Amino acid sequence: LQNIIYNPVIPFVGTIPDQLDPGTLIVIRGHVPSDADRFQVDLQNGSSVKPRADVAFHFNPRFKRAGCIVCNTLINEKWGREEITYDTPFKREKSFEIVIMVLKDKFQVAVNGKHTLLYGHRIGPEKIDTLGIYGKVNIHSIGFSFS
């Protein structure tokens, strides 16, 4: 793995140091605290906050009731149609590994070595240069594998 960040402070906002061409991996290892209601990983076009940077891929584990993962895209401060995954591997008080693989037409996400979800590109992945990690989560490491 390349361009590793260890023990970043959350909220984390970081420049992705190369392009997300097909085959590129983003590998995030961390732990979910006991009081977590949600956290999110955002693949952003920049780091503007007003207007809020467009979010090509919002990957949003939620923990209330049975839990789920919500995926969506933010374009000019408007959320698109949510894509919900109900078979969620995340749990409070458990460590995890997220691997986001960039493919031509979509993201593929594996968590803890197991396929979790697909998310079709809504924004060109060439527009992505910024990794945001927010909410109730502890991140141990971030690393990339560029293709």
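All residue numbers are counted from 1 along the displayed sequence.
- Relative to one another, 135 to 143 and 11 to 19 have unequal mean CA B-factors, and 11 to 19 is the one with the higher figure.
- Averaged over their C-alpha atoms, the temperature factors of 105 to 113 and 43 to 51 are higher for 43 to 51.
- The PDB entry gives the largest Cα B-factor of the residues 65, 31, 122, 58 to 65.
- Residue 118: CA B factor lies in the lowest third for its chain, per the PDB record.
- In the deposited entry, the Cα temperature factor of residue 36 places it in the highest third of its chain's modelled residues.
- Among all modelled residues in this chain, the alpha-carbon of residue 71 has a temperature factor (C-alpha) in the lowest third.
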